[PDB]
Amino acid sequence: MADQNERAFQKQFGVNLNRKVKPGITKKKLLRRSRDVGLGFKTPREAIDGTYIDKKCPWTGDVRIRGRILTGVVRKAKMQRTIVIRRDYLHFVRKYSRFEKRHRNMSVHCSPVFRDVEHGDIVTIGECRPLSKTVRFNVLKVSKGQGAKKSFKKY
Amino acid sequence: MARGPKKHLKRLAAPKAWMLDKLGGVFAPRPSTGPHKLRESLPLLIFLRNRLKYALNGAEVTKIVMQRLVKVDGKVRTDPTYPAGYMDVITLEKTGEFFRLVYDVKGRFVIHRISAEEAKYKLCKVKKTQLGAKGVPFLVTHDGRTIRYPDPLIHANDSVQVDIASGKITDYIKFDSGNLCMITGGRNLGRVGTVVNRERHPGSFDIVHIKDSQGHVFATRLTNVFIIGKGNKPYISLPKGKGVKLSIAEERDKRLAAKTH
Amino acid sequence: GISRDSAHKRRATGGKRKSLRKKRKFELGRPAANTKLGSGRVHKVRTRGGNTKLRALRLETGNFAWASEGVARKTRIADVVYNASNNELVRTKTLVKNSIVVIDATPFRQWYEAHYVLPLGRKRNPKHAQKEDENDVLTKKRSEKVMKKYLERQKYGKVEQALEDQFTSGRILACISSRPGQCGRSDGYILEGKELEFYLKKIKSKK
RNA sequence: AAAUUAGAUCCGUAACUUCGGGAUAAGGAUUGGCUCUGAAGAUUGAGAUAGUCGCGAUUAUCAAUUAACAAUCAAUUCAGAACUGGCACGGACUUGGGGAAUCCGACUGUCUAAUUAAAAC
RNA sequence: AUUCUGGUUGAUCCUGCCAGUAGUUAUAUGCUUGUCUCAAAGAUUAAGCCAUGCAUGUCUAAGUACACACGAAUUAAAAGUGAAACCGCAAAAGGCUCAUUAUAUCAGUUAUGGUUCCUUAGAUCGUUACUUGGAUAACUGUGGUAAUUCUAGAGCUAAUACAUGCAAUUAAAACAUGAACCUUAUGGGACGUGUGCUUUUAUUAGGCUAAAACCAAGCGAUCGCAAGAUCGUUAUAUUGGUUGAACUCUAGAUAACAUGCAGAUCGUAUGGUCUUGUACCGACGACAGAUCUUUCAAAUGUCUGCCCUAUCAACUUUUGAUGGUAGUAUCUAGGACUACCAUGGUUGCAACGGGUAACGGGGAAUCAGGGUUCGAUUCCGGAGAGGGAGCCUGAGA
RNA sequence: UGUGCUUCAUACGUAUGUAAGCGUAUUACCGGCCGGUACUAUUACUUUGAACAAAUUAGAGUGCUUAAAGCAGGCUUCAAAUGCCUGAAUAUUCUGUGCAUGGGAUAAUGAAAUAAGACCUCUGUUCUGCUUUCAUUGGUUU
RNA sequence: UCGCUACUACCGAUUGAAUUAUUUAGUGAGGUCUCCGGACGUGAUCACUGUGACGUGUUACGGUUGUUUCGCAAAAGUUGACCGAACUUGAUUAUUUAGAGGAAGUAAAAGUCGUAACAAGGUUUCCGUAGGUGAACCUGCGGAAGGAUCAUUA
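With the PDB entry as reference, chain C is termed 40S ribosomal protein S8, source organism Drosophila melanogaster. The deposited entry bears the title "Drosophila melanogaster Ovary 80S ribosome". Of chain C, the UniProt comment under Subunit reads exactly: "Component of the small ribosomal subunit. Identified in a IGF2BP1-dependent mRNP granule complex containing untranslated mRNAs. Part of the small subunit (SSU) processome, composed of more than 70 proteins and the RNA chaperone small nucleolar RNA (snoRNA) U3." One UniProt comment on chain C, placed under Sequence similarities, says "Belongs to the eukaryotic ribosomal protein eS8 family."

The PDB entry lists chain A under the name 40S ribosomal protein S11, from Drosophila melanogaster. Looking at chain A in UniProt, the text filed under Sequence similarities is "Belongs to the universal ribosomal protein uS17 family."

Spelled out as structure tokens, the structure:
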């Protein structure tokens, strides 16, 4: 993302940039571990060589997925590491036996491990602790991945 | 906590798995926070006046339990409303009674007078194996009897028989696809054995498939599943005949219609 | 009192939620600490159920830890140089969490050449023209008890250039890592490798 | 007649209306001194790597700078905070009272030098 | 117990409404009433005010008992009843009501690994007089103001109230530091020191597929006369852990930390042992103990679901609105609050505003079905005690 | 990818309504046809479930004398008699959301275009990595 | 149309009147927290005084002493913040209400005036639009048949 452009030192908690004192001799010089949330979600390679920290990321921060896993299509992606999704469904009414179409918007935290998140890509989200005032969900898998029609161009 | 914690509980709000009548009082026994939860309890005003009919008022129960004649799980338990849930061996050596609270197939419990030799141990399942209690290991039981220093092959989802004089393990029955089981908590209550297959849903709420001796395959959550031995292994005495998954009309045909009188 | 949850505070559409539950105790807030560098005060506040935390207005001393050692030597706290939350908190010398702070640099150096007897970082050699006479009362080797352990090191004793220059001045840059309004103390670690080079670029290049 | 208001910054502003207005409507808040803090510019940027000859003088370069690149230098304005006294602070001076209507003339303009400046022209 | 009749015309067939029709735990009211079983009942208007009376107090052989108030007999054991008073606990449940409240409450679902917790049960309790300090009620005694409510001054005295305080806290063992140790190595020591838990910070391991080519110590082992040279066996990436996982999580070690806390308590029996000599030990319960695990809960958050209104189309954001970031604050997440950046966020799938004679839901009334109307009302949940605000003690307001 | 044939299990030469055999391979191993076992384009719909308060409601059973109710009671029996016997159902509801499982008709989206198409040319050109052994422990490195 | 008798609802000077909640500014009771503060009530030392004891050099016990050292807490009162009732003012809503005059509607047929329409209603009617007129109505322009023509005129 941006490399320490805040007033504080944006640092990963509990990791150490230290070499002098260590029991044994065990270096291997890749010092940040990643969580794997392991719910079917292969963690990306950029959560291993990740220069971002993101204290609200579920792989490299102190949030962990629990509760509902939902899906949604992106509509706007303009906030700082935060998107909003569209979640389209139907509400059946029984004095007509027809469907009534509704939707909701969810303020969703977008981890910086997902480069190039656009609307309208499909996104699988998952519930967390209250992250900021309306956010309660992290992205877990943006379901476009490749460009199946937008990275396509003939010749 | 919000001006709590609600010391009362009403009749027609206590469960009808204890078969309380709608008239007979405004209130309900309200068990005093023991090992078992409230909706999985039988307070000792129920077991003495309503069931055994040793009393006839509510005052004639504190004139029983305060004389230390009652004995829940070897200890005395002079609490007049002790919860005393699943498989709590109420071992009355006077006047030689030796019950055990095992649950009936109709969703309810049933009075089951057991043998006095196997009364002095009971079977209980484990919930969380963890470190920290002395010295490193301990596990918690379904009633919550934390017992230290267990076998390192007892994981969760298994049961161990606890002697009532000690607090020590003697045998473990672990969760394989050959072990007969028992259900407590859902619509499938009281039905006994045997396991087929468990569907592990990662995060969360695994369900498991259970096949009765009639071939009656069904399913319930893994939370409700106790375990009481291997295939055709009753490791405790069970009550009336196993919870066969009777039909609805067959109980109206077994003894209600086919009735000698 | 001060309240902490959203009885007020209009919703995500822009709309005014009205009334919401007259005022409840369990969502209270408290007036802050603003722990200055005055020596030695603590008030303790009775908190939610039965407990107590230490509201340590006016602290002066802290259990600071050189993280690259596995050491934690208590010092006193000298100066509050930099802070990312405000500059009202630097100027009034208030200690909260991670204020960049200046401590003592002495109870680490005596601990340093206790286990790492190699003399660095060295001061002006006009003072160092004679010793009293340290290099033998350091180790003396005994021929041979416990003490050859001080020479299979020297692999550890090359603390970086931007830290040993900050030891010769006898005051070092640290960082608070406790909650002085809550934990009752102002402890912390010290800047070594790149937490240093960020927070020191923040000072002398801004001026 | 006299008093009241008055600078500036900020907020807020009705009936009507030729939609331009009315309007500085009305109505309120702020304002000194002293110590700092923030923001808004310019100009060269800054060049890393043999040694001939004896590092020294004749002596190299595509680009990447970069995310405060580093010093110099330049004016002045605007926001913020802490402390601080007889609330005296636009401390003199410079400097609008406002509003609800009726009549006449639309407006700016012109007039009886020396009694009428208007609704007259 | 899926039905319709009268009324527009001089008569007709229609559209059409009016009028009939029946039910209503649905209110009032009118007239009359011999039983009897159940029984709703100041909700509607005024959540408008209120005479009087009561609705919260509590003792075991087991915290403290100096009452002749009553028991007995020179035994301190009175172990009796125990009034009072102290201390402990409870008084935050219930009970009443429906003003407020329109995604708010509520209902279901799911979460808390984002927290907290009296009690209850279960497990757990070594790193200088060991048996103590003072001071108050009850009680006595003299008082005050219109005024009983209120309370002062003095003399007494307790504890499981308040306060201090373990010589086995006891080290070997463990293990750093020195130490009378002294050797070509997966090598050895007397002793002096130190090592409660808890909080805080910091570090390091953190749940894990297989071998050699070659090599310094050549120790195990081999060869070269040897200086030694080529090799090599295992105990050595040795902690639960969701069986979704850098759970900062319960465990552990390291380097510290400050500051507290740490069993000077009680009834019934006593004999093993008598020298009746503080040499010799049961069963019980507790103002109480501390950590972990439970449990009665809570409080937040997830995903859906609410009435009328466009003669309400754009709202939010100075004064938090949407996000980032560091903080503070709280039991904890979080614009909850602050400071600095970013300019977001909701919207014809009805946002925002308004109305409500709106507490929500279970449920109730009525029909063949589809449904309409109601739910102040005994059950769960929310809410409040003339109107607002504040707050103490308490695990909990 | 709709079925056809070959059939056989199965209502009466006829009827497959359970299934098996050809349309080149409706998922690879071991076990004694049978289990562990590797692998699941998607959503709506639908099957059966799970899961969850009671009262109400539906209503099972029952002579409170009946009844609305009630959750009791009944029997051996006029008894003596821990002397027995069984109760105290099952459901609409808490309609939908959400979860598990079967189905794949219907209805949308999805894919391979001068190929950032597939298996393959499994080439080693490139990889990533780290626990087993270099006695212990360090270097040379496959 | 007009006239008498009623009834409802409008418009309207008064920049009317009364509420109702919601807030901008202003003041402001209390309280939490905080900066100090230090009544009284101890600790405790400084000396000691009453005596004895040792070698009067030093100490033991008493004086709620003398009076300096040193604390320990702690009431009143206070400084600053923060929650904030409350009243005063302004605006904003959301209802209700008094009003000279003005003007529509309904009931009321039995009043006056004329006859607009329905019969080729005696000028066919209706519509849109303008103007005019005591009143129904009239007239222009355009339209329609719901017309009095479904039309016969190589």
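Draft legend 1. The arrangement of the sheet that holds strand β6 (residues 100–102) of chain C in detail. Residue and element names in this part refer to chain C. Read from one edge to the other, the open sheet built from six strands follows the order β4-β3-β8-β7-β6-β5, with strand pairing classed as mixed. Two strands close off the open sheet at either side, each with one partner strand: β4 (73–76) and β5 (79–82). The mean angle between the axes of side-by-side strands here comes to 40°, regardless of whether they run parallel or antiparallel. Bridge count for strand β3 (residues 61–65) against β4 is four bridges, and the pairing is antiparallel. Among the inter-strand pairings, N63 is bridged to a residue of β4, identified as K74. Contacts from helix α2 (residues 106–115) reach β3 and β4, with the element oriented near 150° to β4.

Draft legend 2. Highlighting the protein's contact with RNA strand D. Residues and elements named next belong to chain C. The full set of residues close to RNA strand D is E88, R91, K201, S205 and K206. Each atom of RNA strand D within 4 Å of the protein belongs either to a base or to sugar and phosphate, the latter forming 53%. With respect to RNA strand D, the side chain of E88 contributes an N or O atom lying 2.5 Å from a sugar or linking oxygen. Here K206 contributes a side-chain N or O atom positioned 2.4 Å from a phosphate oxygen of RNA strand D.

Draft legend 3. Molecular detail of a positive patch on the surface. Residues and elements named next belong to chain B. On the surface, a cluster of positive charge is contributed by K106, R108, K240, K245 and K254. Following the sequence through the fold, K240 ends up in the loop between β12 (225–227) and α3 (248–254). Judged by relative accessible area, which is 40%, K240 ranks as partly exposed.

Draft legend 4. Structural detail: unusual backbone geometry. The omega torsion across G193 of chain B and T194 of chain B is -15°, close enough to zero to call that bond cis. For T194 of chain B, the location among the structural elements is in the loop between β8 (181–183) and β9 (195–199). Along the chain, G203 of chain B connects to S204 of chain B via a cis peptide bond; the corresponding omega equals 10°. In this fold, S204 of chain B is placed in the loop between β9 and β10 (207–211). The backbone phi angle of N34 of chain C is positive, close to 55°, even though this residue is not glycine. The residue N34 of chain C is located in the segment before β1 (43–46) in this model. Classification of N34 of chain C by relative accessible area gives partly exposed; the value is 36%. We note that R58 of chain C has phi near 60°; this positive angle belongs to a residue other than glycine.

Draft legend 5. Expanded view of the interface of chain A and chain C. The interface of chain A with chain C comprises twelve residues on the first partner and 18 residues on the second. A buried area of about 1,400 Å², summed over both sides, lies between chain A and chain C, and 58% of it is on carbon and sulfur atoms. When the area that chain A buries against chain C is broken down by residue, the three leading residues are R7, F9 and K20 of chain A, summing to 47%. Put simply, chain A and chain C have one salt bridge between them. The closest approach of N and O atoms between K20 of chain A and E69 of chain C, which form a salt bridge, is 3.6 Å. Counting across the chain A and chain C interface gives two residue pairs in polar contact.

Draft legend 6. Geometry of the packing of aromatic side chains. All names here are of chain C. Tallied over the entire structure, the rule returns 14 aromatic pairs over all chains. With a centroid separation of 6.4 Å and an interplanar angle of 35°, the aromatic rings of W66 and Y112 are classed as tilted. In this pair, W66 sits in the loop between β3 and β4 while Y112 sits in helix α2, placing the two residues 46 residues apart along the sequence. Each member of the pair, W66 as well as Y112, is classed as buried. An aromatic cluster of at least three residues, connected via ring pairs, comprises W66, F108, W111, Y112, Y116, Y156 and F167. Above the plane of the ring of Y150 lies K149, whose end atom (NZ or CZ) is 3.7 Å from the centre.

Draft legend 7. Quick peek at the pairing of strand β2 (residues 109–113) of chain B. All names here are of chain B. When strand β1 (residues 99–103) meets β2, the two strands line up antiparallel, connected through five bridges. Across the sheet, residue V102 finds its bridge partner in β2, namely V110. Where β1 folds back on β2, the antiparallel hairpin that results is connected by five residues, among which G107 adopts a positive phi of roughly 90°.

Thresholds, definitions, all that
Entry numbering is not used for residues: they are numbered from 1 along each chain in the order the sequence is written, which may differ from it, and residues without coordinates are omitted. Chain labels run from A onward and ligand labels from 1 onward, assigned in the order the entries are written. The full assembly is larger than what is shown, and all values describe the shown chains rather than the whole. Working from all heavy atoms in the structure, the side-chain values ignore hydrogens and water. UniProt positions are given in the numbering used here, feature names are shortened, and annotations may be inferred rather than shown by experiment. At least two bridges found by DSSP between two strands is the condition for calling them paired. Helix numbering and strand numbering both begin at the N terminus, where a helix is a DSSP run of H or I of at least 4 residues and a strand a DSSP run of E of at least 2. An axis is simply a line fitted to the C-alpha atoms; with a helix, the fit covers only the stretch in contact. Between two such axes, the angle follows the N-to-C directions and lies from 0 to 180 degrees. Note on contacts: a residue pair qualifies if any of its non-hydrogen atoms lie within 4.5 Å across the two residues. In this text, near means that some heavy atom of the residue lies within 4 Å of the molecule or strand in question. For this analysis, a polar contact is any N or O atom pair within 3.5 Å, provided that within protein one partner can donate a hydrogen and the other can accept it, and provided that sequence-adjacent residues contribute only side-chain to side-chain pairs. Patch definition: residues with relative accessible area over 30% and no salt bridge; like charges joined within 9 Å; nonpolar side chains (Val, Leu, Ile, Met, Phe, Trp, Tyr) joined within 5 Å. Here the Shrake-Rupley method, with its probe set to 1.4 Å, supplies the accessible areas, and only the displayed protein chains count as covering residues. For salt bridges, the criterion is a side-chain nitrogen of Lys or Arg within 4 Å of an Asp or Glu carboxyl oxygen. The charge count treats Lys and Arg as positive and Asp and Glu as negative. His and the chain ends do not count. By convention, the charge on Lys lies at NZ, on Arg at CZ, on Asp at CG and on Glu at CD. The rule is simple: take the accessible area with a 1.4 Å probe, protein chains only, and divide by the maximum for that residue type; under 20% is buried, over 50% is exposed, in between is partly exposed. When two components associate, each loses some accessible surface as probed by a 1.4 Å sphere; the sum of these losses over both components is called the buried area. Pairing of aromatic rings covers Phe, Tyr and the six-membered ring of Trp, with a centre-to-centre limit of 6.5 Å; geometry is then stacked below 30 degrees between planes, edge-to-face above 60, and tilted otherwise. Any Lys NZ or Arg CZ that is within 6 Å of a ring centre and within 35 degrees of that ring's normal is treated as a charge sitting over the ring.

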